[PDB]
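*Asks:* coordinates for the following, if possible.
(5 chains, ligands or ions: 3)
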Amino acid sequence: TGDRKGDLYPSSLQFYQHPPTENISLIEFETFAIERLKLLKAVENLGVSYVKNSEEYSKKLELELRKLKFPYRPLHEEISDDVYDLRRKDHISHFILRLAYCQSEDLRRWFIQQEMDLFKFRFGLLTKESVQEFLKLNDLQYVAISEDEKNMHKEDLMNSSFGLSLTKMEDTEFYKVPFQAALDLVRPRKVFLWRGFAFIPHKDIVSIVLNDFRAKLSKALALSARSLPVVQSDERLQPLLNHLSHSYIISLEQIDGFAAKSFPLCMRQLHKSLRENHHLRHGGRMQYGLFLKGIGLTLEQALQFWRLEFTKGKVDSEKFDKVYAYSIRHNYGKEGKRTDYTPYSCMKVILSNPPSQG
Amino acid sequence: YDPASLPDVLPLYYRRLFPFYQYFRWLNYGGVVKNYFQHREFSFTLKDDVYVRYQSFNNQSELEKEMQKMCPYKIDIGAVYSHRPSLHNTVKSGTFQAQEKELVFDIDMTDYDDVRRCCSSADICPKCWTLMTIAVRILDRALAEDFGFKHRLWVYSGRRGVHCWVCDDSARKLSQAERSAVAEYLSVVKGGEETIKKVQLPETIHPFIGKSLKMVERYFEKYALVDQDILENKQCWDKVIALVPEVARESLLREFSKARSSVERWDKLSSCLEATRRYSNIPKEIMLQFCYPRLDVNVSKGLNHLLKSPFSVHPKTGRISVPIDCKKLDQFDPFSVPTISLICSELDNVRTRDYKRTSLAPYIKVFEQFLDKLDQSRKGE
Amino acid sequence: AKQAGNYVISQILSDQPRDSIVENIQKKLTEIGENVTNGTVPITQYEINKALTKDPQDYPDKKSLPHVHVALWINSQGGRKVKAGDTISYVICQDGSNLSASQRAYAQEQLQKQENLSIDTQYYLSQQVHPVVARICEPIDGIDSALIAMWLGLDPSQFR
RNA sequence: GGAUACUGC
DNA sequence: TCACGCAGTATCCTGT
Ligand code: SF4
Ligand SMILES: [Mg+2]
Ligand SMILES: [Zn+2]
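*Replies:* Numbering: from 1, shown residues only, chains lettered A, B, ... in the order given. Ligands and ions are numbered 1, 2, ... in the order given. Here you go:
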């Protein structure tokens, strides 16, 4: 606590509930944003490459946190100025990234996932004392049943949960729920009821903490997306936030090629007409869509191809999503009866709707 | 008691004995919720078995009037609906829904017939009533400890058994699924007349089952070994032998040929089972099959269920459906319960205090204490 | 949905500063979301009304067309029949059938009666409120489909 | 391609 | 025995 510090950052881990109120510099803003983007990308890469419980995951994540200077380990010394600085970093950077990662549902999900992962890791590095401190500072009030009450009903809990060993039970913490929510458990008598509350089992505690965290974070992201117009007017922060996600820290094209050789003459004619006029009557649309589904063009790929081909036909871009998107989805059994419609057979094509002029 | 005398006595009782004030206090639940008493369903059974439902009333005066006018033989209380039942014809289809009702249990001696030896069908005697005495303790304890229901009124059914009304506000808002869950949690003896072994406990005894067995044990020696004498002769102890694995059956039979008292036979059976370990719970399964309450899940599952009203008159025994004090349960005697004829003789032997001069008074007192507790809970909350 | 849109219009056509307008809109939408999630909205507000051009039987899509389905059910019941020109009111509910919304229509009374049918909150928040509001907010700067969905509790993913 | 709705002016 | 015109937006489906 050198010059302008306080009790604003008691513990390392936090739920990121209260937005920062300070006036920071543009350079600090950019540095914090990029640094936390690096941290989250490292988290994502390590999660893809390794199992999150693996020791390699822990070692690499600790190395990244040390390299970028983020709080990851506790310190039973006091709130040293340096430590304070680090925590401040974390707190501001998080919210900055919120502003960056609230525009699109995809982005939101990504952000949430990475944040949860990081939080889990940090919890995994908390000593029991520190853990309790955290659980108190946020009014979580887990002693979730207390330890004393657990000892009070030790035998009842032991006989309630199937296949729970004495010591293993000592290593587990239960939760108190109104019995109206545990119907499926109470009905076959696999959870103890006391005074209208069931004692439901979950290492597991982190899970509950994370659940709470996730709830909060989702809500926050929604609110941020609701408060976006106020930020877009700040040109200084627009290039960063609008593009942070893209910050450095079968193919459609080959379809034409296939049309040269592999496509049967029917599909060759349809493709030639499509590229000549960028529009097909209903029969052609159905036939060609089913064929491109057959070759393997995925729903996203087919949607992209049809969008690009039709947009050149002097029609509104929104019109495509309004009209033809449902047809494209249906060909892949996505809507309606939701049936994986098979590609037309030659017998059907011969005996299907007879083509006419145009 | 002469049932041809029923039509003579019913009016007087409904005029000068039926406790309407406390009845309205009960079903009105302190007026907190508007239209609560006004949306309650009643049903009446009149002379010559004429049944009417969707009866609702505006207040105590209307109820007293229409009841004294109809003189029904049976009164059943039903659910509290979304609208007044009297106007159910006026409510648009699908918009007439049962919304709240007490959680109720019906325990009927007839359901114990395959396991009692003193009586059968609708006959009861002092030797079998202990079963009800067990049930009330086994169930009510659960309802007070596992579920936390605080306002529980136990009522004699008039002949074959007892009803329980659980009236906590939480218990009145329970959905159908929650009610079915509660019933299944409390229910152990599962099966019909075609099954012999109706209890199969797992290796782990759920605390509830442990506490039910603890309650059973206190009474078991008197009920089963002294009174019922479930091991009196071969025709009966063959059943209990039929309830245990064949391996020791022969070993038991010879032993049962040398025992003079069923208490001795129980000691021998317990010793033999202990000697024989996964079967260490078999005696508990036998005790439960002879002592644990049987619950008709259909009675308690449905919200729209019409159950016998307290202070009704039993069409055959004439006894009054009187509340049972939980503390004095061990002293309860279903044969001393006032009949309608006795209380009309008492009435014609001497305004709002007439019932205090009959033998009905202590039961109305228990009901008044229960309603006082409900009022305290409504206020304190 | 209609009411929601009306509120939005009252906010858009007023003289309040645009930012405040947007804020208010958000608030209202969130309120609606909560009112749906807790099931507090009156059942009467969940009804959709549609008229029949032909008799119930003439339609060859008795399954795909919801209102027709409801009409058929009514004609199967023991009351006055519904004929061409008679409007029918239906609600979309959940039954565990895992079918498309168009096949899950039900008469309001039926919902109040059966113990397996519950209002399909999701649907009403996803295809009734959100579309309308979006189409009312298209030319207004600061409000886009995504945002609206977010405010309702829906997933904003599928929306040199 | 088709089917079902109901607004406008 | 019947029944006003046309322009426009929104939603949904295509197995035997
Ligand atoms: S419909 Fe069949 S036979 Fe005719 S051109 Fe296409 S692949 Fe060949
Ligand atoms: Mg067209
Ligand atoms: Zn008996």
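*Asks:* C-alpha only now, for contacts and for neighbours.
*Replies:* Will do.
*Asks:* my guess is residue A:156 meets residue A:193, correct?
*Replies:* No: contact criterion C-alpha atoms under 8 Å: residue A:156 and residue A:193 do not qualify, at 9.5 Å.
*Asks:* neighbouring strands of the strand ranked longest in chain C in the sheet, and parallel or not?
*Replies:* For chain C, the strand with the greatest residue count under DSSP state E is strand C:88-94. With DSSP bridges as the test, strand C:88-94 is paired with strand C:48-50 (antiparallel), strand C:105-106 (antiparallel), strand C:118-119 (antiparallel).
*Asks:* CSV for those, including mean neighbour count?
*Replies:* Formatted as CSV, the strands paired with strand C:88-94 follow (neighbours: other C-alpha atoms under 10 Å in any protein chain shown):
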stretch, mean neighbour count
strand C:48-50, 12
strand C:105-106, 23
strand C:118-119, 17
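*Asks:* can you list those strands in JSON lines and add distance to residue C:139?
*Replies:* Formatted as JSON lines, those follow (distance: least, C-alpha to C-alpha, whole Å):
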{"stretch": "strand C:48-50", "distance to residue C:139": "27"}
{"stretch": "strand C:105-106", "distance to residue C:139": "33"}
{"stretch": "strand C:118-119", "distance to residue C:139": "32"}
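*Asks:* top helix in the chain by residue count?
*Replies:* I went with chain A, as the question did not name one. helix A:26-49 (DSSP state H).
*Asks:* not quite, I wanted chain B
*Replies:* Taking DSSP H as the criterion, chain B has its longest helix at helix B:361-380.
*Asks:* which parts of that one are buried?
*Replies:* By neighbour count on 16 or more other C-alpha atoms under 10 Å in any protein chain shown, the buried set for helix B:361-380 is B:362, B:363, B:364, B:366, B:367, B:368, B:370, B:371, B:374, B:375.
*Asks:* do you know how far residue A:41 is from residue A:32?
*Replies:* 14 Å (C-alpha to C-alpha, to the nearest Å).
*Asks:* more crowded one of the two?
*Replies:* Set residue A:41 next to residue A:32 and count neighbours by other C-alpha atoms under 10 Å in any protein chain shown: residue A:32 wins out with 22 against 16.
*Asks:* if we can go back for a sec, of residue A:156 and residue A:193, give the one with the bigger neighbour count.
*Replies:* Neighbours per residue, other C-alpha under 10 Å: of residue A:156 and residue A:193, the larger number sits with residue A:193, 27 against 21.
*Asks:* spatially nearest residue to the more buried one, not counting backbone neighbours?
*Replies:* Spatial nearest neighbour of residue A:193, excluding adjacent residues (C-alpha to C-alpha, 6 or more residues apart in numbering or on different chains): residue B:146 at 4.8 Å.
*Asks:* can you count the residues close to the one you found?
*Replies:* 19.
*Asks:* still on that earlier bit, can you tell me what sits against the longest strand of chain C?
*Replies:* With contact meaning C-alpha atoms under 8 Å, 6 or more residues apart in numbering or on different chains, strand C:88-94 is reached by C:46-52, C:66-67, C:70-71, C:101, C:104-108, C:111, C:116-120, C:123.
*Asks:* could you identify the buried members of those residues?
*Replies:* Among these, those classed as buried by 16+ other C-alpha under 10 Å are C:46, C:52, C:66-67, C:70-71, C:104-108, C:111, C:117, C:119-120.
*Asks:* what sits against residue A:340?
*Replies:* Contacts here follow C-alpha under 8 Å, 6+ apart; on that basis residue A:340 touches A:331, A:332, A:333.
*Asks:* cross-check the residues you listed against ligand 3 and keep the overlap.
*Replies:* Here nothing survives when the contacts of residue A:340 are matched to ligand 3 using C-alpha under 5 Å from the ion.
*Asks:* now, among the residues you listed, which is nearest to residue A:242?
*Replies:* Of all these, residue A:242 sits closest to residue A:332, with 33.6 Å by C-alpha to C-alpha.
*Asks:* I figured that closest one hits residue A:301, correct?
*Replies:* No: counting by C-alpha under 8 Å, residue A:332 does not reach residue A:301; the two are 11.8 Å apart.
*Asks:* who has more neighbours out of the two?
*Replies:* Between residue A:332 and residue A:301, counted using other C-alpha under 10 Å, residue A:332 has the larger neighbour count: 21 against 16.
*Asks:* what separation is there between the more buried one and chain B?
*Replies:* Distance, residue A:332 to chain B, using C-alpha to the nearest C-alpha, to the nearest Å: 39 Å.
*Asks:* spatially nearest residue to that residue (excluding sequence neighbours)?
*Replies:* residue A:340 (5.8 Å).
*Asks:* residue A:301: what's its closest spatial neighbour, skipping adjacent residues?
*Replies:* Nearest residue to residue A:301, sequence neighbours excluded (C-alpha to C-alpha, 6+ apart): residue A:252, at 7.1 Å.
*Asks:* isn't that neighbour up against residue A:305?
*Replies:* Yes: the criterion here is C-alpha under 8 Å, and residue A:252 meets it with residue A:305 at 6.5 Å.
*Asks:* can you show me the strands along the stretch 101-250 of chain B?
*Replies:* Using DSSP state E, counting those that start in this stretch, the strands found in the stretch 101-250 of chain B span residues B:103-108, B:152-156, B:161-166.
*Asks:* now render these as a markdown table, adding distance to residue A:270 and mean neighbour count.
*Replies:* Shown next, in a markdown table, are the strands of the stretch 101-250 of chain B (distance: least, C-alpha to C-alpha, whole Å; neighbours: other C-alpha atoms under 10 Å in any protein chain shown):
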| stretch | distance to residue A:270 | mean neighbour count |
| --- | --- | --- |
| strand B:103-108 | 70 | 22 |
| strand B:152-156 | 78 | 22 |
| strand B:161-166 | 74 | 22 |
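*Asks:* ok, the closest residue to residue B:166 other than its chain neighbours - contacts?
*Replies:* Leaving aside its sequence neighbours, residue B:166 sits nearest to residue B:152 (C-alpha to C-alpha, 6+ apart; 4.6 Å). Residues counted as contacts of residue B:152 (C-alpha under 8 Å, 6+ apart) are B:140, B:164, B:165, B:166, B:167, B:168, B:370.
*Asks:* tell me the two of the buried residues of helix B:361-380 that are most distant?
*Replies:* Pairwise distances across those (C-alpha to C-alpha) peak at 19.6 Å, for the pair B:362 and B:375.
*Asks:* and the residue nearest to residue A:332, how far from residue B:221?
*Replies:* 69 Å.
*Asks:* what do you get for residue B:214?
*Replies:* Here residue B:214 is placed at a distance of 12 Å from residue B:221 (C-alpha to C-alpha).
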